[PDB]
Amino acid sequence: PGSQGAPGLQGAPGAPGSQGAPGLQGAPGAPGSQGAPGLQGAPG
Amino acid sequence: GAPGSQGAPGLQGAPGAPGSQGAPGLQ
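Method of determination, as annotated in the archive: cryo-EM, at 9.8 Å resolution.

Here it is in structure tokens:
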């Protein structure tokens, strides 16, 4: 006894914290109701 | 000072995120 080697070598102390990559956008979209010209509203 | 056939802590944390291609066809 006396040499007291340090072979514990334990690691990854501060490794925590990693926002790797979130999924894609929950869903794309084109907000708006597809309004349009209409239809026949003055036939005669 | 060797780790005894194992103990080289060379690690590859977070190589990256390449799979974010995305291809909305959206005809």
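Participant: What should I look at first to understand the overall build of chain A in this one?
Facilitator: When its secondary structure is counted, chain A shows 0 helices and 0 strands. In terms of principal-axis extent, the alpha carbons of chain A reach across some 110 × 10 × 5 Å. Burial statistics for chain A: of 44 residues in total, 0% are counted as buried. Roughly 4,400 Å² of accessible area belongs to chain A as shown, and the carbon and sulfur atoms make up 57% of that amount.

The rules behind each value
- Residues numbered from 1 in each chain as written, not as in the entry; some residues may be left out.
- Chains lettered and ligands numbered in written order.
- Part of a larger assembly, values for the part shown.
- Heavy atoms only, no water.
- Helix = DSSP H or I, 4+ residues; strand = E, 2+ residues; numbered from the N terminus.
- Buried < 20%, exposed > 50% of the residue type's maximum accessible area, 1.4 Å probe, protein only.
- Areas by Shrake-Rupley, 256 points an atom, 1.4 Å probe, with all protein chains shown as cover.

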